[PDB]
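Presented below, as structure tokens, is a lone chain in the form deposited in one PDB entry.
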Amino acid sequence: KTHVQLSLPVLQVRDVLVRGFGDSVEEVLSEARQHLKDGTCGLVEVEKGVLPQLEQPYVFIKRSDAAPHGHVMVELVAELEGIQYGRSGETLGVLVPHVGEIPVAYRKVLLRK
């Protein structure tokens, strides 16, 4: 399938134990896709002072369309030192590994895979 329905656990930034996917744009996008497939991916909602608490490169999920079965269509965009790899709509948040942190919510997304 080109698209996969996922329910992403929304984590508070100060709870997150593993604050990025790796060390290159290519690695963080690879790791993010692997974690999304394995259901081991969390989402941190971006506000003032969130991103400097996380490790670059960042992986964003961004709205790719204006929402089948409740699930917002999103794609992945990486960022490193102010340069983004990908072009998409509004940020729904930043992806991080999930290692058993208790979420505050779930974000239903349809991932272009």
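Numbering starts at 1 and runs along the sequence shown.
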- With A66 and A67 adjacent in the shown sequence, let me know how many deposited residues between them lack coordinates: none, 1 to 3, 4 to 9, or 10 or more. 1 to 3
- Looking at the deposited entry, does 69 to 77 or 53 to 61 carry the larger mean Cα B-factor? 69 to 77
- Using the B-factors recorded in the PDB entry, average over the C-alpha atoms of 13 to 21 and of 85 to 93, then report which stretch comes out higher. 85 to 93
- Task: Relative to the other modelled residues of the same chain, rank the CA B-factor of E45 and answer lowest, middle or highest third.
- Result: middle
- If you rank the chain by CA B-factor, which third does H35 end up in: lowest, middle or highest? lowest
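Just so it is clear, the following notes concern the form solved in complex with a small molecule, a form of the same protein that is not shown.
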- Query: With the partner left out here, if you bring back the small molecule in the deposited complex, are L11, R14 and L43 all within 4.5 Å of it by some heavy atom?
  - Reply: no
- Task: Answer yes if any heavy atom of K108 is within 4.5 Å of a heavy atom of the small molecule in the deposited complex; otherwise answer no.
- Result: no
- Quick one: does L36 come within 4.5 Å of the small molecule in the deposited complex, counting heavy atoms only? yes
